[PDB]
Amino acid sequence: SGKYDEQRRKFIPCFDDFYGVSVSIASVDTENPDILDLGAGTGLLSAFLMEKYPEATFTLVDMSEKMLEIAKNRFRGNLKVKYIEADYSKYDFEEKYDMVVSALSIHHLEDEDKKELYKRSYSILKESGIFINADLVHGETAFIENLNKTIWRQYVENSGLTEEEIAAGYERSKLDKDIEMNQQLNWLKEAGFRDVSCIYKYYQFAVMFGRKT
């Protein structure tokens, strides 16, 4: 768990602000919010959010039972956490939430799935709530994509990781279907979200926010 967090820090050159900004803007008018964490993985984003809202309810969704198993141990004995092994793109959510949040997961969906997930997220928020996606975004042109990737590879190659850990992470990134940030902000606006904004951006890493009011 610690080992999974410390490794993640080595692929994410803006780790502290990336997760710190996502937590800072995650404010709702309940100190007991119901939070849905899409592609929760080992539950790192939900953990940062639990520091801010210790009495929140969390629903972690992930295809990986293994990741979720790490999350359950991370959250040992916390009865306010629910775990669902499923593809959150396909899952029929029937509860309503104060927050729908995600880190580094939505860029793996086909573009049509992204668009529809943004749309569906609006409908499963309570009559009030927020959406936060801290995710990878594609360069606006091929030159900007190359710029973003060059800087990120420089960081990864110098993060302390071995040649084989570097190459393995590069292999994992071949399934990415990232798209331009602005196109994703447009899909949130088109879904009905207001106060739509990119709050944080560091080359390909962006924290995107919307509010249902």
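Start at 1 with the first residue shown and count on from there.
- The stretch with the higher mean CA B factor, choosing between 79-87 and 136-144, is 79-87.
- Stretch comparison (198-206 versus 9-17) by mean CA B-factor in the PDB entry places 9-17 on top.
- For the set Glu180, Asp34, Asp37, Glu164, the PDB entry assigns the largest Cα B-factor to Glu164.
- Take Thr42, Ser173, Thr59, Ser27 and read off each C-alpha B-factor from the entry; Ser173 has the highest.
- In the deposited entry, the Cα temperature factor of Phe93 sits in the top third of values across the chain's modelled residues.
- Among the modelled residues of its chain, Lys126 has a C-alpha B-factor that falls in the highest third according to the deposited record.
- Sorting the modelled residues of the chain by their CA temperature factor places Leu188 in the lowest third.
- Compared with the other modelled residues of the chain, the Cα B-factor recorded for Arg74 ranks in the highest third.
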